[PDB]
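Heads up, the chain below is alone and in the form deposited in one PDB entry; it's given as structure tokens.
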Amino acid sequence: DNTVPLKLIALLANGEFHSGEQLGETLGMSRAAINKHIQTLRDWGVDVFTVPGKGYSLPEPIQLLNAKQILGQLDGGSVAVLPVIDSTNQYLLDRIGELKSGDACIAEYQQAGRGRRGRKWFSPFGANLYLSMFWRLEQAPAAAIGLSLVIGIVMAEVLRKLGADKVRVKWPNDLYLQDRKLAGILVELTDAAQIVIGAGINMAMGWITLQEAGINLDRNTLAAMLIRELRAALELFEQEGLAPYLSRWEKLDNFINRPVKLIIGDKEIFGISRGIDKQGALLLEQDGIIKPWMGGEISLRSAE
């Protein structure tokens, strides 16, 4: 049961020192129990500083997700704000039968956040944005490439609009900053098709954060903007496909005309990227010849 640590971080969020005694009085608990639950916050990835014999404090204030503020500025779908969840993608999947296109979910903390191919996504409490959105496509796509490109484009453009000028996209589904992974996108597919989109963006916390690049964004504002723009963008993709996104992709293509490596299955091939075709397939030039690819993991190829 997570109610007591949640009430605890809710109090500690303002960055002010609280005594063990006053936290106990406020929460109607002993100082021993408080000390126990403080440790739980540490397990969740919260940086907590203990003043020996006196109490506790966060080193800095943290901005907690405000549901009322996020909901208030959005329209056209439900948005659930969850303090603790296993995975925002899974939360939407569990209820995929009662959801409408645009229904979204945001978590402070994921206990079982996942990347692609069964990997894990480190999702400490309050440090980053963990967002998911449900969408229904009336005609099922044959692949997740188009959707991923649309998500990556939109989230990059939003971050760029907010000051993160150098954010680029890694085909087909990661945002990169300074050639390092800033954000991860996971699209899960199931006549029509049901889609659960998942985005993890590193803010405060190989990898790179927005803060490590001097970008300090309002997490509530960022969440709302992403949800707002994704809904409209998915409507556009729904109506017109990838076509109106092709030029917008070129401006964000992080690996175009660069030497890259593509891990496909358990084969590893080398080539130079020439961008994408109209279907969003990677155009990889091997030995002077360009071939389209609708799969594989792309990465930079250099011993620099």
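Only the largest set of C-alpha atoms that superpose within 1.5 Å between the two forms is called the rigid core. So that there is no doubt, residue numbering starts at 1 and follows the sequence shown.
Keep in mind that the form deposited in another entry is missing from the display, and what follows is about it.
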Next on the checklist: Superpose on the core and compare between the shown form and the other one; which one of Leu242, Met29, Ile70, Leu252 crosses the 2 Å Cα shift mark?
Outcome noted: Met29
Next on the checklist: Relative to the superposed rigid core, does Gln39 relocate between the shown form and the other one - that is, does its Cα move 2 Å or more?
Outcome noted: yes
Checklist entry - With the core lined up, does the C-alpha of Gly296 move 2 Å or more between the shown form and the other one? => result no
Next on the checklist: So, superposing on the core, is the move of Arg274 at the CA at least 2 angstroms between the shown form and the other one?
Outcome noted: no
